[PDB]
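Listed next as C-alpha cells is one chain, alone, in the form deposited in one PDB entry.
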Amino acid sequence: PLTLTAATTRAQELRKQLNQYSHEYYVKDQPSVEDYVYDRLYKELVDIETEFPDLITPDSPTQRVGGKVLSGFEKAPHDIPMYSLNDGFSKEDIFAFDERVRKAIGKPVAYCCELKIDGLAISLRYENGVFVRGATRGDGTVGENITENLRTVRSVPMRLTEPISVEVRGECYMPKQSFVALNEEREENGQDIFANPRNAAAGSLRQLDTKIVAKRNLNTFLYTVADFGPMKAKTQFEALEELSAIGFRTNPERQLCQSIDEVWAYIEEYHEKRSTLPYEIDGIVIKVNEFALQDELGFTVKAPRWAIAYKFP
C-alpha cells in the first residue's frame, strides 16, 4: 500500500496545497477552507513522511514545529546595513521634518505612512525563492543567525510565490493575546513574566530550542526591501504591495499621504485606534515615498534623512 514512487509525488501535492492554505490562514489572515480540511491533509502528509522520512523537505508544513537545538547563534552580517530611525514626538517635530525634506528636495512630496510595530527587527534572505537565512538586526551591521527559529514562525514563507533571490526586512512580534497567554503560563511555572510584548518576542527568538520557539505564536510584518533582486518597486508604497505579492505578510494599515496634513491626520487616526489593534505599536513611521527622492536625501550615520518615527508618549 503506497509505494515510495507514489508517495514522492503525493507529498509534493500535499505540501503545495497545505502551504497555500497556510498562506491564506497565516499571511492573509483569511482562510478559505475549514480547519478540518487542512488537518486531514496534514495528517496524510505526516503519515507519508513518517513512512518515508527521506521525503521530508524544508518547505513542508510539518517542519513548523521545529526540532533542532543549537549551541548558540552564528554571527549574521548585514552588508546592507539595517538602519535606525530618527524620532519625533510632537506635531511640531513632524512638520519640521517635512520642512527639511521640502528644503532639500525643492517641492512638496508624498509620504508612505506605516505603523511602528513593537517587536524585534528581522532580516529574511531568499535564494531562488528558498528561505536561506533569518537574522536579528543586532547592532545594525552584525546580528545573530536565527534561521532555525524563524522557520517555526508560521507567517514566514519557506518558499516564495516566485523563485526570486531577495532580502527583506520587517518586524517579528508577539500579538497581545499570545503575550497575555504566555505570561500566564510563566506565572504557572514560577517564571519571571515578560515586561512587554517586545521583550517576549526578543526572548522567544533567543531561545536555542526551536521546539519552544515554535509554540510562542510569533508573527511578522515585512516593510523593507534591502536586496531587490528582480523586484520592480520604485516607491515605498509599491514596495509594500510587492512584498505582499511575493508572499510576505504586510501591515494593512499603510497609507500613501499626499500632504503633511494628511500625514498628521493619519497619526491622529491611529493614535486613537491604537487600543483596538491586536498588536502593540510604539508609533508611526513616515517615509518619503519616492525612492529617487530618498536617494537625494541620503542617510546620516545612524538613519535615513528621508524618514522619521513619531513616538507615542
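Don't overthink the numbering: it's just position in the shown sequence, from 1.
One more form of this protein should be noted, the form deposited in another entry, which is absent from this view; the next part is about it.
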Rigid-part assignment between this form and the one not shown: does residue 202 fall in the same part as residue 58? no
Work out the direction of the Cα-Cα change for residue 177 and residue 61 in the other entry: closer or farther than in this form? It's 3 angstroms or more. farther
Have a look at residue 71 and residue 138: in the other entry, are their Cα atoms closer together or farther apart than in this form, given the change is 3 Å or more? closer
